[PDB]
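K.L.:
Data: model27.tsv, TSV, C-alpha atoms and all ligand atoms.
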chain	number	residue	atom	x	y	z
W	1	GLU	CA	-23.36	8.67	-14.67
W	2	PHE	CA	-19.75	7.68	-14.10
W	3	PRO	CA	-17.28	7.46	-16.97
W	4	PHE	CA	-14.91	5.34	-14.86
W	5	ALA	CA	-15.55	1.84	-13.56
W	6	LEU	CA	-13.99	1.77	-10.09
W	7	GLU	CA	-13.96	-1.08	-7.61
W	8	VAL	CA	-12.10	-1.66	-4.37
W	9	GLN	CA	-11.39	-4.84	-2.41
W	10	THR	CA	-9.34	-5.69	0.67
W	11	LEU	CA	-6.95	-8.61	1.18
W	12	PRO	CA	-8.08	-10.40	3.15
W	13	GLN	CA	-11.72	-9.74	2.33
W	14	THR	CA	-12.87	-10.98	5.74
W	15	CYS	CA	-11.73	-10.78	9.36
W	16	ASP	CA	-9.99	-14.10	9.11
W	17	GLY	CA	-7.60	-13.79	12.03
W	18	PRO	CA	-5.63	-11.54	14.35
W	19	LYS	CA	-3.46	-10.29	11.52
W	20	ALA	CA	-6.48	-8.93	9.65
W	21	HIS	CA	-6.96	-6.37	12.47
W	22	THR	CA	-3.61	-4.66	12.10
W	23	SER	CA	-2.73	-4.95	8.42
W	24	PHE	CA	-4.43	-5.48	5.08
W	25	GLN	CA	-3.86	-4.77	1.40
W	26	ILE	CA	-6.11	-2.48	-0.61
W	27	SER	CA	-6.71	-3.66	-4.17
W	28	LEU	CA	-8.21	-1.12	-6.64
W	29	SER	CA	-9.42	-1.81	-10.22
W	30	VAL	CA	-10.13	1.00	-12.65
W	31	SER	CA	-11.07	1.43	-16.28
W	32	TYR	CA	-12.52	4.19	-18.44
W	33	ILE	CA	-16.01	3.67	-19.86
W	34	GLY	CA	-17.07	7.21	-20.72
W	35	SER	CA	-17.65	9.22	-23.89
W	36	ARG	CA	-13.99	9.80	-24.84
W	37	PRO	CA	-11.55	7.24	-26.29
W	38	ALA	CA	-9.64	7.29	-23.00
W	39	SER	CA	-9.05	9.54	-20.00
W	40	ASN	CA	-6.37	12.17	-19.70
W	41	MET	CA	-4.02	11.98	-16.71
W	42	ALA	CA	-6.29	10.82	-13.85
W	43	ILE	CA	-6.01	10.72	-10.06
W	44	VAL	CA	-7.12	7.90	-7.79
W	45	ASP	CA	-7.58	9.27	-4.28
W	46	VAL	CA	-7.81	6.61	-1.57
W	47	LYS	CA	-8.89	7.83	1.87
W	48	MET	CA	-7.55	5.75	4.79
W	49	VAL	CA	-9.86	3.99	7.22
W	50	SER	CA	-9.61	5.74	10.60
W	51	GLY	CA	-6.36	4.87	12.37
W	52	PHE	CA	-4.78	3.27	9.32
W	53	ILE	CA	-1.67	4.46	7.46
W	54	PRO	CA	-0.21	3.34	4.12
W	55	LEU	CA	3.10	1.48	3.98
W	56	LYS	CA	5.29	3.89	1.98
W	57	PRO	CA	7.35	1.48	-0.17
W	58	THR	CA	4.24	-0.33	-1.39
W	59	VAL	CA	2.84	3.03	-2.49
W	60	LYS	CA	6.08	4.03	-4.16
W	61	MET	CA	6.16	0.66	-5.90
W	62	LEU	CA	3.04	1.62	-7.85
W	63	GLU	CA	5.21	4.13	-9.75
W	64	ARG	CA	6.85	1.18	-11.46
W	65	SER	CA	3.52	0.86	-13.31
W	66	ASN	CA	1.48	3.06	-15.68
W	67	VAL	CA	1.59	5.47	-12.75
W	68	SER	CA	3.97	8.43	-12.87
W	69	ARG	CA	3.49	9.94	-9.43
W	70	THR	CA	2.16	9.09	-5.96
W	71	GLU	CA	1.58	11.18	-2.86
W	72	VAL	CA	0.67	10.56	0.76
W	73	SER	CA	-0.95	13.56	2.44
W	74	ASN	CA	-3.50	14.02	5.24
W	75	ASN	CA	-4.60	10.39	5.44
W	76	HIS	CA	-5.06	10.18	1.67
W	77	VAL	CA	-3.03	8.21	-0.87
W	78	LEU	CA	-2.95	9.93	-4.28
W	79	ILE	CA	-2.07	7.89	-7.37
W	80	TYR	CA	-1.48	9.64	-10.71
W	81	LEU	CA	-2.54	7.40	-13.59
W	82	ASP	CA	-0.91	8.22	-16.92
W	83	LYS	CA	-3.95	7.45	-19.05
W	84	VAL	CA	-6.95	5.19	-18.40
W	85	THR	CA	-8.44	3.11	-21.25
W	86	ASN	CA	-11.10	0.40	-21.50
W	87	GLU	CA	-8.54	-2.00	-20.11
W	88	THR	CA	-8.66	-2.59	-16.37
W	89	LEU	CA	-5.72	-1.33	-14.34
W	90	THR	CA	-5.27	-2.94	-10.91
W	91	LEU	CA	-3.27	-1.30	-8.10
W	92	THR	CA	-2.45	-2.93	-4.76
W	93	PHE	CA	-0.72	-1.50	-1.69
W	94	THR	CA	-0.51	-2.19	2.04
W	95	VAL	CA	-1.93	-0.37	5.07
W	96	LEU	CA	-1.13	-0.74	8.78
W	97	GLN	CA	-3.13	-0.03	11.94
W	98	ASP	CA	-1.44	2.98	13.57
W	99	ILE	CA	-4.28	3.75	16.00
W	100	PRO	CA	-7.06	1.27	16.79
W	101	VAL	CA	-10.39	3.07	16.56
W	102	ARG	CA	-13.79	1.69	17.52
W	103	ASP	CA	-16.71	1.69	15.13
W	104	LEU	CA	-14.64	1.64	11.93
W	105	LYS	CA	-16.63	3.23	9.10
W	106	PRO	CA	-16.17	2.80	5.32
W	107	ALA	CA	-13.67	4.98	3.48
W	108	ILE	CA	-14.22	6.58	0.12
W	109	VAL	CA	-12.13	6.21	-2.99
W	110	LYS	CA	-12.47	8.71	-5.83
W	111	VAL	CA	-11.05	8.70	-9.39
W	112	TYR	CA	-11.19	11.83	-11.57
W	113	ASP	CA	-9.72	13.16	-14.80
W	114	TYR	CA	-7.07	15.79	-14.00
W	115	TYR	CA	-8.12	18.08	-16.80
W	116	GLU	CA	-11.85	17.64	-17.59
W	117	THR	CA	-14.43	18.38	-14.92
W	118	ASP	CA	-17.34	16.01	-14.27
W	119	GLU	CA	-15.30	12.99	-15.25
W	120	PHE	CA	-15.23	11.11	-11.94
W	121	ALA	CA	-16.38	8.04	-10.04
W	122	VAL	CA	-16.59	7.08	-6.35
W	123	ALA	CA	-16.55	3.82	-4.41
W	124	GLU	CA	-15.94	2.76	-0.82
W	125	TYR	CA	-14.20	0.03	1.14
W	126	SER	CA	-14.02	-1.13	4.76
W	127	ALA	CA	-11.30	-2.61	6.94
W	128	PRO	CA	-11.88	-6.38	6.93
W	129	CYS	CA	-12.57	-6.36	10.71
W	130	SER	CA	-14.88	-3.30	10.79
P	1	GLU	CA	17.14	-28.59	-29.57
P	2	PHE	CA	14.77	-29.94	-26.98
P	3	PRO	CA	11.56	-31.96	-26.69
P	4	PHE	CA	9.87	-28.71	-25.65
P	5	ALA	CA	9.74	-25.61	-27.78
P	6	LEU	CA	10.41	-22.62	-25.49
P	7	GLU	CA	10.51	-18.96	-26.54
P	8	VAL	CA	10.72	-15.80	-24.38
P	9	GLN	CA	10.29	-12.13	-25.25
P	10	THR	CA	9.88	-8.91	-23.23
P	11	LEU	CA	7.40	-6.04	-23.66
P	12	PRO	CA	8.86	-3.75	-24.62
P	13	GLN	CA	11.50	-5.56	-26.70
P	14	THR	CA	13.97	-2.68	-26.36
P	15	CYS	CA	14.77	0.27	-24.10
P	16	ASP	CA	12.15	2.55	-25.66
P	17	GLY	CA	12.15	5.09	-22.80
P	18	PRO	CA	12.27	5.74	-19.03
P	19	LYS	CA	9.46	3.28	-18.21
P	20	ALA	CA	11.38	0.40	-19.81
P	21	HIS	CA	13.97	0.80	-17.08
P	22	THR	CA	11.57	0.11	-14.24
P	23	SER	CA	9.09	-2.48	-15.42
P	24	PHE	CA	8.44	-4.79	-18.33
P	25	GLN	CA	6.43	-7.83	-19.28
P	26	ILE	CA	7.85	-11.30	-19.76
P	27	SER	CA	6.09	-13.31	-22.44
P	28	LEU	CA	6.96	-16.96	-22.94
P	29	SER	CA	5.57	-19.56	-25.31
P	30	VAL	CA	5.77	-23.30	-24.84
P	31	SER	CA	4.73	-26.50	-26.55
P	32	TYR	CA	5.78	-30.15	-26.32
P	33	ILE	CA	7.40	-31.37	-29.55
P	34	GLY	CA	8.86	-34.71	-28.43
P	35	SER	CA	8.44	-38.44	-29.03
P	36	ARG	CA	5.68	-38.87	-26.47
P	37	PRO	CA	2.20	-37.62	-27.33
P	38	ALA	CA	2.22	-35.05	-24.53
P	39	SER	CA	4.38	-34.25	-21.52
P	40	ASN	CA	3.47	-35.19	-17.96
P	41	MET	CA	3.11	-32.37	-15.48
P	42	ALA	CA	5.75	-29.83	-16.57
P	43	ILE	CA	7.31	-26.95	-14.66
P	44	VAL	CA	8.20	-23.54	-16.11
P	45	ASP	CA	10.82	-21.79	-14.02
P	46	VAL	CA	11.52	-18.13	-14.64
P	47	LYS	CA	14.50	-16.57	-12.92
P	48	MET	CA	14.30	-12.82	-12.30
P	49	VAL	CA	16.78	-10.37	-13.77
P	50	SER	CA	18.85	-8.80	-10.98
P	51	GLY	CA	16.93	-6.15	-9.06
P	52	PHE	CA	13.53	-7.17	-10.45
P	53	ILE	CA	10.53	-8.88	-8.81
P	54	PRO	CA	7.24	-10.14	-10.26
P	55	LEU	CA	3.96	-8.21	-9.89
P	56	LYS	CA	2.29	-11.09	-8.07
P	57	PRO	CA	-1.32	-10.53	-9.19
P	58	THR	CA	-0.22	-10.86	-12.82
P	59	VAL	CA	1.33	-14.23	-11.93
P	60	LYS	CA	-1.79	-15.43	-10.14
P	61	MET	CA	-3.78	-14.42	-13.20
P	62	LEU	CA	-2.03	-17.18	-15.13
P	63	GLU	CA	-3.84	-19.73	-12.98
P	64	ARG	CA	-6.66	-20.73	-15.31
P	65	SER	CA	-5.91	-23.00	-18.25
P	66	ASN	CA	-3.49	-25.90	-18.45
P	67	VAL	CA	-2.02	-23.89	-15.57
P	68	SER	CA	-2.85	-25.78	-12.38
P	69	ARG	CA	-0.83	-23.39	-10.19
P	70	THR	CA	1.81	-20.71	-9.86
P	71	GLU	CA	4.30	-19.87	-7.15
P	72	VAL	CA	6.52	-16.91	-6.42
P	73	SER	CA	9.48	-18.18	-4.50
P	74	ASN	CA	13.11	-17.31	-3.81
P	75	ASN	CA	12.91	-14.86	-6.73
P	76	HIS	CA	11.82	-17.40	-9.27
P	77	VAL	CA	8.37	-17.55	-10.78
P	78	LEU	CA	7.18	-21.14	-11.04
P	79	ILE	CA	4.33	-22.26	-13.27
P	80	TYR	CA	2.88	-25.79	-13.03
P	81	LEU	CA	1.20	-27.11	-16.20
P	82	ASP	CA	-0.95	-30.24	-15.98
P	83	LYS	CA	0.17	-31.41	-19.40
P	84	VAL	CA	1.82	-29.90	-22.47
P	85	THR	CA	1.03	-30.81	-26.06
P	86	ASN	CA	1.87	-29.66	-29.55
P	87	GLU	CA	-0.36	-26.66	-29.10
P	88	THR	CA	1.47	-23.55	-27.95
P	89	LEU	CA	0.70	-21.98	-24.59
P	90	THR	CA	1.57	-18.33	-24.13
P	91	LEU	CA	2.01	-16.95	-20.64
P	92	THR	CA	2.67	-13.27	-19.93
P	93	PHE	CA	3.25	-11.47	-16.64
P	94	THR	CA	4.79	-8.32	-15.22
P	95	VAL	CA	8.04	-7.67	-13.36
P	96	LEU	CA	9.09	-4.57	-11.49
P	97	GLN	CA	12.46	-3.04	-10.68
P	98	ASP	CA	12.71	-3.07	-6.88
P	99	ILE	CA	16.36	-2.00	-6.67
P	100	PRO	CA	18.40	-0.77	-9.66
P	101	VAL	CA	21.34	-3.09	-10.25
P	102	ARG	CA	24.41	-2.19	-12.31
P	103	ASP	CA	25.22	-4.20	-15.43
P	104	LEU	CA	22.22	-6.40	-16.11
P	105	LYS	CA	23.02	-9.87	-17.48
P	106	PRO	CA	20.54	-12.30	-19.10
P	107	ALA	CA	18.31	-14.50	-16.96
P	108	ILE	CA	17.37	-18.15	-17.56
P	109	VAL	CA	13.94	-19.60	-18.25
P	110	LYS	CA	13.47	-23.39	-18.04
P	111	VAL	CA	10.71	-25.86	-18.77
P	112	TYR	CA	11.03	-29.49	-17.70
P	113	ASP	CA	9.03	-32.69	-17.27
P	114	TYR	CA	8.14	-33.63	-13.72
P	115	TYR	CA	9.36	-37.20	-14.32
P	116	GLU	CA	11.57	-37.52	-17.41
P	117	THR	CA	14.90	-35.92	-16.54
P	118	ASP	CA	15.94	-35.83	-20.21
P	119	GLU	CA	12.98	-33.67	-21.16
P	120	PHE	CA	13.70	-29.98	-20.65
P	121	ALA	CA	14.41	-26.76	-22.56
P	122	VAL	CA	16.24	-23.56	-21.66
P	123	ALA	CA	16.00	-20.01	-23.02
P	124	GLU	CA	17.46	-16.63	-22.02
P	125	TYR	CA	15.95	-13.15	-21.73
P	126	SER	CA	17.24	-9.71	-20.74
P	127	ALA	CA	15.80	-6.54	-19.24
P	128	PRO	CA	15.08	-4.21	-22.20
P	129	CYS	CA	17.60	-1.69	-20.88
P	130	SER	CA	20.20	-4.12	-19.53
F	201	LIG	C1	0.31	-0.76	-18.33
F	201	LIG	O1	-0.19	-0.41	-19.64
F	201	LIG	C2	0.51	-1.07	-20.67
F	201	LIG	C3	0.04	-0.53	-22.02
F	201	LIG	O2	1.00	0.20	-22.68
F	201	LIG	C4	0.22	-2.59	-20.58
F	201	LIG	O3	1.06	-3.21	-21.58
F	201	LIG	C5	0.28	-4.11	-22.39
F	201	LIG	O4	0.07	-5.35	-21.69
F	201	LIG	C6	-0.67	-6.30	-22.42
F	201	LIG	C7	-1.05	-7.57	-21.67
F	201	LIG	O5	0.03	-8.33	-21.27
F	201	LIG	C8	0.08	-6.66	-23.73
F	201	LIG	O6	-0.76	-7.57	-24.45
F	201	LIG	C9	0.32	-5.37	-24.55
F	201	LIG	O7	1.13	-5.64	-25.70
F	201	LIG	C10	1.06	-4.38	-23.67
F	201	LIG	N1	1.35	-3.16	-24.46
F	201	LIG	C11	2.52	-2.47	-24.29
F	201	LIG	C12	2.52	-1.15	-24.97
F	201	LIG	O8	3.37	-2.92	-23.68
F	201	LIG	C13	0.58	-3.14	-19.19
F	201	LIG	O9	-0.02	-4.42	-19.02
F	201	LIG	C14	0.08	-2.24	-18.09
F	201	LIG	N2	0.64	-2.68	-16.79
F	201	LIG	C15	-0.20	-3.03	-15.77
F	201	LIG	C16	-1.55	-3.36	-16.28
F	201	LIG	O10	0.18	-3.04	-14.69
F	202	CA	CA	-18.62	13.75	-18.08
Step by step, read the file and then write its structure as structure tokens.

P.N.:
Amino acid sequence: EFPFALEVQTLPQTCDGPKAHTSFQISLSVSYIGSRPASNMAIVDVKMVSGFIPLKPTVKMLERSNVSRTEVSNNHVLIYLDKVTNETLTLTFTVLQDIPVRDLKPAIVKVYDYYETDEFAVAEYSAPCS
Amino acid sequence: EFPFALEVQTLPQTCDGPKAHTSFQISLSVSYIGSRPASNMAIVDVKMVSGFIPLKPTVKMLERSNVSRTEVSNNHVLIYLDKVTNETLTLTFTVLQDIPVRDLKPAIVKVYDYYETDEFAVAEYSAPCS
């Protein structure tokens, strides 16, 4: 059982051209559906597809939201959500191909409450030209 | 006084804390109150407060209603309505502070008929912490 609804899409969704190989946006949607009225502070952890890096200003721009901190470390983007309720929060940022890698595999995204254990969900996404 | 009724408010309405400095919602309401039964195609044109930009997905979200399309362009948000009648349409979207600018002055919102140059309204709004 997952007390968060988590889904991830890319923009573009398909390998629709040369540009889709070297850059795409990641678009995450999250809400809280568990036993409590709402989450506490929560973290969304996005792992990068192999060879991809996040574009810093589009990560920092998420802080303008209902997000109070972000971090880029070790090929992960961390997003600190203030509070998650039954309303869907959508977050979008850009990634860039730093190193082309063959055989691109899916990357996992996790969301978890910062303070209560076993309040988490997982999902995955792929580069559009995988 | 205009053949359109046009009102604009921001969420939050005042500078209620740190987050009000860096993002807010723009909420506008419009109806046609003129001689004619309804307006033709009308355009709503929202100019950004200095330093702010729209959160594009919340603009694109408007596109389902009397709303035939939206555009983000040269730091205006443009909303195309197929027709406007006496019933009030409310449209709400998010803007984000990209760069902090000193001394924020009010920004203009317009609605006008695609054909009748005499049929327009104007209203002002300010960033909550301007
Ligand atoms: C971040 O969360 C806030 C909640 O505080 C959202 O603000 C609400 O937005 C809706 C929809 O436009 C309004 O109907 C509510 O009145 C707002 N409430 C407040 C307290 O402002 C906001 O939409 C969220 N920002 C996102 C989703 O990016
Ligand atoms: Ca649990």

K.L.:
Would you pick out the contacts of segment 64-80 of chain P at 8 Å or less, using all atoms listed in the file, so that residues sharing its chain but fewer than 3 positions from it are not included, and give the list as a ChimeraX atom specification?

P.N.:
/P:41-48,53-54,56,59-61,83-84

K.L.:
Report the distance between atom CA of residue 29 of chain P and atom CA of residue 96 of chain P in Å, rounded to one decimal place.

P.N.:
20.7 Å

K.L.:
Can you tell me, as AutoDock Vina command-line options, the centre and edge lengths (Å, one decimal) of the axis-aligned box enclosing all of segment 35-43 of chain P's listed atoms after padding each side by 5 Å?

P.N.:
--center_x 5.3 --center_y -32.9 --center_z -21.8 --size_x 16.2 --size_y 21.9 --size_z 24.4

K.L.:
What does the distance between atom CA of residue 35 of chain W and atom CA of residue 9 of chain W come to in Å, to one decimal place?

P.N.:
26.4 Å

K.L.:
Using all atoms listed in the file, find the one residue out of W:63, W:6, W:58, W:50 that sits nearest to ligand LIG 201 (chain F).

P.N.:
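Ranking W:63, W:6, W:58, W:50 by distance to ligand LIG 201 (chain F), first place goes to W:63.
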
K.L.:
May I ask you to write as a list in words all residues lying at most 9 Å from ligand CA 202 (chain F), with only C-alpha atoms and all ligand atoms counted?

P.N.:
residues 1, 2, 3, 34, 35, 116, 117, 118, 119 and 120 of chain W

K.L.:
Please superimpose chain P on chain W using every C-alpha atom, paired by order, in a least-squares fit, and write the moved chain as a PDB file with C-alpha atoms, in the coordinates of the input.

P.N.:
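The result, stored in out01.pdb:
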ATOM      1  CA  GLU P   1     -22.687   4.994 -13.117  1.00  0.00           C
ATOM      2  CA  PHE P   2     -19.590   6.868 -14.136  1.00  0.00           C
ATOM      3  CA  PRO P   3     -17.254   7.309 -17.106  1.00  0.00           C
ATOM      4  CA  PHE P   4     -14.672   5.378 -15.080  1.00  0.00           C
ATOM      5  CA  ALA P   5     -15.164   1.869 -13.811  1.00  0.00           C
ATOM      6  CA  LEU P   6     -13.815   1.747 -10.234  1.00  0.00           C
ATOM      7  CA  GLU P   7     -13.768  -1.301  -7.950  1.00  0.00           C
ATOM      8  CA  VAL P   8     -12.091  -1.774  -4.535  1.00  0.00           C
ATOM      9  CA  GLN P   9     -11.516  -4.879  -2.428  1.00  0.00           C
ATOM     10  CA  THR P  10      -9.410  -5.692   0.658  1.00  0.00           C
ATOM     11  CA  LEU P  11      -7.103  -8.655   1.345  1.00  0.00           C
ATOM     12  CA  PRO P  12      -8.364 -10.309   3.338  1.00  0.00           C
ATOM     13  CA  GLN P  13     -12.012  -9.709   2.384  1.00  0.00           C
ATOM     14  CA  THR P  14     -13.229 -10.513   5.903  1.00  0.00           C
ATOM     15  CA  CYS P  15     -12.008 -10.587   9.502  1.00  0.00           C
ATOM     16  CA  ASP P  16     -10.346 -13.996   9.175  1.00  0.00           C
ATOM     17  CA  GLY P  17      -8.226 -13.656  12.341  1.00  0.00           C
ATOM     18  CA  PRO P  18      -6.059 -11.432  14.579  1.00  0.00           C
ATOM     19  CA  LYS P  19      -3.830 -10.210  11.722  1.00  0.00           C
ATOM     20  CA  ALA P  20      -6.840  -8.827   9.833  1.00  0.00           C
ATOM     21  CA  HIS P  21      -7.289  -6.345  12.654  1.00  0.00           C
ATOM     22  CA  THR P  22      -3.896  -4.732  12.221  1.00  0.00           C
ATOM     23  CA  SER P  23      -3.089  -4.698   8.533  1.00  0.00           C
ATOM     24  CA  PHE P  24      -4.671  -5.435   5.189  1.00  0.00           C
ATOM     25  CA  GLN P  25      -4.199  -4.798   1.508  1.00  0.00           C
ATOM     26  CA  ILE P  26      -6.291  -2.428  -0.564  1.00  0.00           C
ATOM     27  CA  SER P  27      -6.796  -3.566  -4.138  1.00  0.00           C
ATOM     28  CA  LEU P  28      -8.494  -1.274  -6.627  1.00  0.00           C
ATOM     29  CA  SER P  29      -9.236  -1.696 -10.312  1.00  0.00           C
ATOM     30  CA  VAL P  30      -9.867   1.101 -12.766  1.00  0.00           C
ATOM     31  CA  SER P  31     -10.633   1.637 -16.423  1.00  0.00           C
ATOM     32  CA  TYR P  32     -12.062   4.492 -18.493  1.00  0.00           C
ATOM     33  CA  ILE P  33     -15.428   3.581 -20.039  1.00  0.00           C
ATOM     34  CA  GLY P  34     -16.620   6.986 -21.274  1.00  0.00           C
ATOM     35  CA  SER P  35     -17.358   8.834 -24.513  1.00  0.00           C
ATOM     36  CA  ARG P  36     -13.785   9.967 -25.060  1.00  0.00           C
ATOM     37  CA  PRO P  37     -11.240   7.420 -26.264  1.00  0.00           C
ATOM     38  CA  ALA P  38      -9.164   7.706 -23.093  1.00  0.00           C
ATOM     39  CA  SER P  39      -9.031   9.983 -20.066  1.00  0.00           C
ATOM     40  CA  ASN P  40      -6.472  12.745 -19.614  1.00  0.00           C
ATOM     41  CA  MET P  41      -4.224  12.524 -16.592  1.00  0.00           C
ATOM     42  CA  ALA P  42      -6.454  11.008 -13.883  1.00  0.00           C
ATOM     43  CA  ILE P  43      -6.054  10.988 -10.113  1.00  0.00           C
ATOM     44  CA  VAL P  44      -6.916   8.086  -7.798  1.00  0.00           C
ATOM     45  CA  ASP P  45      -7.484   9.268  -4.252  1.00  0.00           C
ATOM     46  CA  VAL P  46      -7.675   6.715  -1.474  1.00  0.00           C
ATOM     47  CA  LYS P  47      -8.779   7.882   1.945  1.00  0.00           C
ATOM     48  CA  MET P  48      -7.529   5.831   4.897  1.00  0.00           C
ATOM     49  CA  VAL P  49      -9.863   4.058   7.289  1.00  0.00           C
ATOM     50  CA  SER P  50      -9.631   5.657  10.742  1.00  0.00           C
ATOM     51  CA  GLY P  51      -6.485   4.643  12.605  1.00  0.00           C
ATOM     52  CA  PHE P  52      -4.752   3.218   9.523  1.00  0.00           C
ATOM     53  CA  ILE P  53      -1.759   4.460   7.495  1.00  0.00           C
ATOM     54  CA  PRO P  54      -0.195   3.184   4.264  1.00  0.00           C
ATOM     55  CA  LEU P  55       3.020   1.115   4.217  1.00  0.00           C
ATOM     56  CA  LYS P  56       4.819   3.674   2.070  1.00  0.00           C
ATOM     57  CA  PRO P  57       7.185   1.348   0.174  1.00  0.00           C
ATOM     58  CA  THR P  58       4.184  -0.583  -1.154  1.00  0.00           C
ATOM     59  CA  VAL P  59       2.784   2.712  -2.470  1.00  0.00           C
ATOM     60  CA  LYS P  60       6.058   3.691  -4.113  1.00  0.00           C
ATOM     61  CA  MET P  61       6.117   0.271  -5.739  1.00  0.00           C
ATOM     62  CA  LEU P  62       3.080   1.292  -7.773  1.00  0.00           C
ATOM     63  CA  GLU P  63       5.244   3.820  -9.597  1.00  0.00           C
ATOM     64  CA  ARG P  64       5.984   1.924 -12.797  1.00  0.00           C
ATOM     65  CA  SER P  65       3.272   1.603 -15.424  1.00  0.00           C
ATOM     66  CA  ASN P  66       0.651   4.130 -16.447  1.00  0.00           C
ATOM     67  CA  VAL P  67       1.501   5.310 -12.929  1.00  0.00           C
ATOM     68  CA  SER P  68       3.599   8.455 -13.306  1.00  0.00           C
ATOM     69  CA  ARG P  69       3.693   9.096  -9.542  1.00  0.00           C
ATOM     70  CA  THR P  70       2.295   8.471  -6.090  1.00  0.00           C
ATOM     71  CA  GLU P  71       2.002  10.623  -3.003  1.00  0.00           C
ATOM     72  CA  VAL P  72       1.222   9.955   0.626  1.00  0.00           C
ATOM     73  CA  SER P  73      -0.310  13.075   2.032  1.00  0.00           C
ATOM     74  CA  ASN P  74      -2.653  14.190   4.803  1.00  0.00           C
ATOM     75  CA  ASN P  75      -3.664  10.531   5.200  1.00  0.00           C
ATOM     76  CA  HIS P  76      -4.730  10.052   1.633  1.00  0.00           C
ATOM     77  CA  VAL P  77      -2.854   7.967  -0.884  1.00  0.00           C
ATOM     78  CA  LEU P  78      -2.756   9.705  -4.252  1.00  0.00           C
ATOM     79  CA  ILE P  79      -1.958   7.946  -7.510  1.00  0.00           C
ATOM     80  CA  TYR P  80      -1.357   9.905 -10.738  1.00  0.00           C
ATOM     81  CA  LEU P  81      -2.067   8.011 -13.982  1.00  0.00           C
ATOM     82  CA  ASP P  82      -0.838   9.467 -17.274  1.00  0.00           C
ATOM     83  CA  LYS P  83      -3.902   8.229 -19.118  1.00  0.00           C
ATOM     84  CA  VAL P  84      -6.663   5.682 -18.558  1.00  0.00           C
ATOM     85  CA  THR P  85      -8.243   3.528 -21.242  1.00  0.00           C
ATOM     86  CA  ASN P  86     -10.665   0.655 -21.542  1.00  0.00           C
ATOM     87  CA  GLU P  87      -8.035  -1.701 -20.236  1.00  0.00           C
ATOM     88  CA  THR P  88      -8.235  -2.305 -16.503  1.00  0.00           C
ATOM     89  CA  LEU P  89      -5.407  -1.249 -14.215  1.00  0.00           C
ATOM     90  CA  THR P  90      -5.124  -2.994 -10.873  1.00  0.00           C
ATOM     91  CA  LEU P  91      -3.228  -1.327  -8.061  1.00  0.00           C
ATOM     92  CA  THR P  92      -2.630  -2.987  -4.690  1.00  0.00           C
ATOM     93  CA  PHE P  93      -0.876  -1.682  -1.588  1.00  0.00           C
ATOM     94  CA  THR P  94      -0.684  -2.221   2.152  1.00  0.00           C
ATOM     95  CA  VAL P  95      -2.104  -0.282   5.096  1.00  0.00           C
ATOM     96  CA  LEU P  96      -1.275  -0.640   8.756  1.00  0.00           C
ATOM     97  CA  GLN P  97      -3.212   0.048  11.939  1.00  0.00           C
ATOM     98  CA  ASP P  98      -1.267   2.773  13.752  1.00  0.00           C
ATOM     99  CA  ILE P  99      -3.858   3.435  16.465  1.00  0.00           C
ATOM    100  CA  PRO P 100      -6.942   1.252  17.049  1.00  0.00           C
ATOM    101  CA  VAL P 101     -10.086   3.308  16.539  1.00  0.00           C
ATOM    102  CA  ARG P 102     -13.532   2.320  17.814  1.00  0.00           C
ATOM    103  CA  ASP P 103     -16.343   1.727  15.329  1.00  0.00           C
ATOM    104  CA  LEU P 104     -14.760   1.683  11.894  1.00  0.00           C
ATOM    105  CA  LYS P 105     -16.860   3.234   9.112  1.00  0.00           C
ATOM    106  CA  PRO P 106     -16.271   2.861   5.344  1.00  0.00           C
ATOM    107  CA  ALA P 107     -13.708   5.018   3.564  1.00  0.00           C
ATOM    108  CA  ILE P 108     -14.014   6.643   0.124  1.00  0.00           C
ATOM    109  CA  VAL P 109     -11.945   5.967  -2.975  1.00  0.00           C
ATOM    110  CA  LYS P 110     -12.197   8.397  -5.919  1.00  0.00           C
ATOM    111  CA  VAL P 111     -10.888   8.571  -9.455  1.00  0.00           C
ATOM    112  CA  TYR P 112     -11.253  11.752 -11.498  1.00  0.00           C
ATOM    113  CA  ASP P 113     -10.039  13.448 -14.672  1.00  0.00           C
ATOM    114  CA  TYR P 114      -7.502  16.211 -14.215  1.00  0.00           C
ATOM    115  CA  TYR P 115      -9.521  18.497 -16.515  1.00  0.00           C
ATOM    116  CA  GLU P 116     -13.103  17.299 -17.036  1.00  0.00           C
ATOM    117  CA  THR P 117     -14.960  17.969 -13.795  1.00  0.00           C
ATOM    118  CA  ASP P 118     -17.853  15.720 -14.860  1.00  0.00           C
ATOM    119  CA  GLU P 119     -15.596  12.697 -15.171  1.00  0.00           C
ATOM    120  CA  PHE P 120     -15.157  10.912 -11.852  1.00  0.00           C
ATOM    121  CA  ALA P 121     -16.172   7.755  -9.975  1.00  0.00           C
ATOM    122  CA  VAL P 122     -16.497   6.921  -6.288  1.00  0.00           C
ATOM    123  CA  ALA P 123     -16.376   3.618  -4.394  1.00  0.00           C
ATOM    124  CA  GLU P 124     -16.312   2.615  -0.714  1.00  0.00           C
ATOM    125  CA  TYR P 125     -14.254   0.077   1.235  1.00  0.00           C
ATOM    126  CA  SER P 126     -14.048  -1.028   4.870  1.00  0.00           C
ATOM    127  CA  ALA P 127     -11.422  -2.508   7.169  1.00  0.00           C
ATOM    128  CA  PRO P 128     -12.063  -6.289   7.199  1.00  0.00           C
ATOM    129  CA  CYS P 129     -12.836  -6.168  10.918  1.00  0.00           C
ATOM    130  CA  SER P 130     -14.631  -2.813  11.030  1.00  0.00           C
TER     131      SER P 130
END

K.L.:
May I have the protein, DNA and RNA residues with an atom at most 7 Å from (4.8, -37.9, -18.9), counting all atoms listed in the file in the file's coordinates, returned as a PyMOL selection string?

P.N.:
chain P and resi 38-41+113+115-116

K.L.:
In Å, rounded to a single decimal, give me how far atom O10 of ligand LIG 201 (chain F) is from atom CA of residue 22 of chain W.

P.N.:
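Computed distance, atom CA of residue 22 of chain W to atom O10 of ligand LIG 201 (chain F), equals 27.1 Å.
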